[PDB]
Structures are given as structure tokens and as C-alpha cells.
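Before any comments, here is the structure.
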Amino acid sequence: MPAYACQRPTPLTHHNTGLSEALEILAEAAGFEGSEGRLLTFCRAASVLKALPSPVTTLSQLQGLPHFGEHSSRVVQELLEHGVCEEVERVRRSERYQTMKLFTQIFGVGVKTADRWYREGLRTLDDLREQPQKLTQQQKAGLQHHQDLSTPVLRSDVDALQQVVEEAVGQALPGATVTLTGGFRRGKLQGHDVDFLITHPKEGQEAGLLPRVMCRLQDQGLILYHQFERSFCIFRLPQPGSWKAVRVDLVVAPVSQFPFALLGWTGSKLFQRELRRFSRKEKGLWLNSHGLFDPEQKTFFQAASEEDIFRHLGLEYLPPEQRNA
DNA sequence: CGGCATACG
DNA sequence: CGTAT
DNA sequence: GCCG
Ligand SMILES: [Cl-]
Ligand SMILES: [Mg+2]
Ligand SMILES: [Mn+2]
Ligand code: NA
């Protein structure tokens with residue numbers, strides 16, 4: 001089992017679901033406390049289990065696996081022996097975990113904002129509503145739409161949204177294309193947001209495109225909220241006899257950069273962190289959603305496909321469906 | 001022990 | 001500070 | 001929290 005998640009296939013569904021979910025509770029809790037190192041190790045240990053070909057049934061099967069030390073192994077040991085891990089259950093029950101989770105789920109609220117509200121004594125969404133002078137307009141949107149945004153987006157919803165986005169993109173710039181990215185491109189059947197990547201086959205034609213797209217969507221009455229290359233929107237999506245608010249992210253890239261942006265926006269988030277870490281630490285190349293830089297030659301790698309990029313980095317190619325780290 | 005991904009709004 | 005993967 |  002290699003040590004980096006980008007070095008191994010990770011399917012969407014797997015054989016250690018319970019064990020990985022427990023570790024990911026501890027990762028999330030570490031994040032709420034500002035401990036990014038411990039978050040990362042628990043995330044990585046969870047991801048290793050997702051990559052295994054069968055269920056872990058005994059503690060000895062952890063021997064030799066990367067990212068499994070005293071703490072993560074103990075978590076698994078307790079789950080194997082008793083069906084529950086006391087530490088994990090304590091986190092789950094805690095007022096701190098539950099409130100930080102509730103608050104950071106709001107669009108516009110991060111760990112630092114959640115933490116300050118927690119420390120001021122706030123606990124509930126209605127606590128926040130009763131003091132709206134304390135909220136940004138982004139947070140106000142996030143709070144008004146919180147119920148709808150908490151309901152999973154389905155793949156049927158995605159196809160309807162894609163047709164709508166293509167229509168506006170087509171008026172804004174004939175020939176521009178719309179590609180589904182994010183978790184749905186990895187094969188997820190549900191999600192909490194839809195991600196699209198927009199480009200045009202003629203380099204440079206995409207300059208200034210996103211404002212033109214947003215103006216057109218707004219004119220069609222589709223935009224409940226938005227604030228450039230990236231747009232984080234709340235869309236009005238048709239429902240039987242009504243509609244619901246859906247988070248949609250729109251990203252534009254020049255076609256020269258499209259493979260990098262496609263790779264970068266298709267995720268998973270842990271997969272991208274591990275791939276960038278691998279690039280820099282193992283190959284000495286600097287990766288982002290724009291390009292891949294050799295800091296010795298001071299040159300950028302030209303890529304025509306995601307396949308090109310995996311080959312550049314000396315990694316076996318992984319389709320999106322195997323990037324669910 | 002240092003490091004932990006890398007951007008844009 | 002927030003957002004994204 | 002774990003790797004190297
Ligand atoms: Cl980036
Ligand atoms: Mg997404
Ligand atoms: Mn998104
Ligand atoms: Na949030």
C-alpha cells in the first residue's frame with residue numbers, strides 16, 4: 001500500500017465504510033480545534049482503509065499500512081472488538097462538536113467564525129437569526145437557504161442545471177463548453193453542490209466570460225445569490241410544483257489550462273492535497289489548478305489531458321471514479 | 001524535529 | 001475572513 | 001498523528 005493517496009485507486013464505495021467514517025469523525029473534530037496535522041493523518045488513515053480490497057477484521061491486518069500508528073490503530077481495535085470507539089462517541093455527543101458542525105455547515109461560516117460564535121455562547125441557527133446585524137450578506141444567504149442547502153442534490157437535478165448553464169454560456173460566448181466536475185464527476189449519486197468548469201477551444205476567448213454568464217443567469221431569474229474566474233452561487237432549481245435552492249460553483253479556465261483545472265476541480269479534496277504534496281515532495285514540481293511548474297528549469301509543463309499530467313508526475317493514470325480518497 | 005496543497009472572492 | 005477541489 |  002503506497003503512502004500517498006494519489007498512488008492508489010480509491011473507489012467511491014468500499015469494504016471498510018464504518019472504520020473510515022469513525023476516523024473521519026476524529027479528523028473533522030481535529031479541524032474544529034485548528035489541528036490541521038492531526039486532521040490530515042486521520043483523513044489519510046481513513047483513506048487507506050477505503051483503498052483496501054476487503055474488510056479489515058483483525059488488528060494484525062493494520063500492520064504495515066501507512067498512517068496507522070498508536071492512535072488510529074486503537075480506534076480500529078475498539079471498533080473491531082466492541083462495535084464502537086469510546087473516543088469517537090464522546091466526540092459525536094459533545095456540544096462543541098455538534099455546534100461547530102452545525103455552524104461550519106453554513107455557507108459563509110468557517111471554523112474561525114464558528115469558533116468565535118461558540119465562545120460567545122451561541123449554539124443554534126435561531127441564535128444566529130436573532131442577531132442578523134452580526135452576519136455578512138453571504139452568511140445571511142447561507143442561513144436563509146440553509147434548509148434547502150442541507151438536502152442532497154441528486155444526479156437528476158444536475159442534468160437540469162447543466163442544460164440551464166449551457167444555455168447561458170452559449171449566449172455569452174458561442175462555442176464555449178461546460179464540463180461537470182467535482183463529486184458528481186467521480187461518480188457520486190448525490191452531493192451538496194454542483195461544480196462546473198467552463199472553457200472555449202480558442203485560447204483567450206474565455207477572457208471576461210464569467211461576468212457575462214452570471215448576468216445572463218441573473219436575468220433569467222435563476223440566481224438566488226452570488227458575489228473573476230470562480231463564482232460561488234445559489235441557484236433556483238425547479239421542483240414539482242415549486243423549486244429549491246442549490247449551491248452551484250462555476251469556474252472558467254483557458255483551454256491551455258483546462259486539464260489542470262479539470263484535475264484540480266474533480267477532487268477529491270484529499271486526493272488533490274496528496275497529489276500536490278506528492279508532486280512537490282517526491283518530484284520537485286509545483287502543481288496547482290493552473291499548471292505544473294519545474295522550479296529548476298523555470299518552465300511550465302504543457303498538458304493536453306489529465307493523462308498527460310499523471311504521466312508528467314510518474315503516476316499510473318486514475319480515472320475520476322478512482323480518485324475518491 | 002519539520003511538514004502537512006494551493007489557489008481565488 | 002470566506003470559498004473551492 | 002504520523003512519516004521520513
Ligand atoms: Cl489552484
Ligand atoms: Mg462539489
Ligand atoms: Mn462546489
Ligand atoms: Na461554511
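Letters A, B, ... mirror the listed sequences (proteins, then strands); counts begin at 1.
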Query raised in the report: When all nucleic acid strands are considered with a 4.0 Å heavy-atom cut-off, which category describes A:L270: base, sugar-phosphate, or nothing?
Result: nothing
Report task. Take the protein atom CZ of A:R277 and the nucleotide atom P of D:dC3, then report the distance between them rounded to whole Å. Result -> 11 Å
Query raised in the report: Taking the side chain of A:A3 as heavy atoms from C-beta outward, which of B:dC8, B:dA5, D:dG4 is closest to it?
Result: D:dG4
Query raised in the report: Is A:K50 salt-bridged to A:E24, going by a charged N under 4.0 Å from an acidic O?
Result: yes
Query raised in the report: When you measure from the side chain of A:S72, which nucleotide among B:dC8, D:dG1, B:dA5 comes out closest?
Result: D:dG1
Query raised in the report: With a non-hydrogen cut-off below 4.0 angstrom, is A:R247 in contact with a base, only sugar-phosphate, or nothing?
Result: sugar-phosphate
Query raised in the report: Whole-Å distance between B:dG3 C1' and A:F278 CZ?
Result: 17 Å
Requested in this report: Taking only the side-chain heavy atoms of A:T113 (C-beta and beyond), determine which of D:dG1, B:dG9, C:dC1 contains the nearest atom.
Outcome: C:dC1
Report summary line: Of the candidates B:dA5, B:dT6, D:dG1, the side chain of A:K269 sits closest to B:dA5
Query raised in the report: Between B:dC4, B:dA7, B:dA5, which one does the side chain of A:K281 approach most closely?
Result: B:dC4
Requested in this report: Measure from CZ on A:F232 to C1' on C:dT3 and round the result to the nearest Å.
Outcome: 4 Å
Query raised in the report: Of the nucleotides B:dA7, C:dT3, B:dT6, which has the atom closest to the A:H290 side chain?
Result: B:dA7
Query - Spacing between A:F196 atom CZ and C:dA4 atom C1', to the nearest angstrom - result: 15 Å
Query - A:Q144-A:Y225 side chain donor-acceptor pair, cut-off 3.5 Å - result: no
Query raised in the report: Judged by atom type as modelled, is there a donor-acceptor pair below 3.5 Å linking the side chain of A:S268 to the main-chain atoms of A:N324?
Result: no
Query raised in the report: Can you check the A:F42 CZ to B:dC4 P distance for me, whole Å?
Result: 20 Å
Query raised in the report: Is any N or O donor-acceptor pair between the side chain of A:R280 and the base of B:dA5 shorter than 3.5 Å?
Result: no
Report task. Using atom CG of A:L287 as one end and atom P of B:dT6 as the other, report the distance to the nearest whole Å. Result -> 8 Å
Requested in this report: Select from A:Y4 and A:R44 the residue whose nearest nucleotide in DNA chain D is closer to the 5' end of that strand.
Outcome: A:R44
Query raised in the report: Have A:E206 and A:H200 got a donor and an acceptor in their side chains that come within less than 3.5 Å?
Result: no
**Report entry** Distance in angstrom units between A:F271 CZ and B:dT6 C1', rounded
**Finding:** 16 Å
Query raised in the report: So, is A:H67 near the phosphate of D:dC2, with a side-chain N or O under 4.0 Å from OP1 or OP2?
Result: no
Query raised in the report: Does the pair A:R74/A:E87 count as a salt bridge with the N-to-O cut at 4.0 Å?
Result: yes
Query raised in the report: Any idea which of B:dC4, D:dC2, C:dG2 is nearest the A:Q138 side chain?
Result: C:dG2
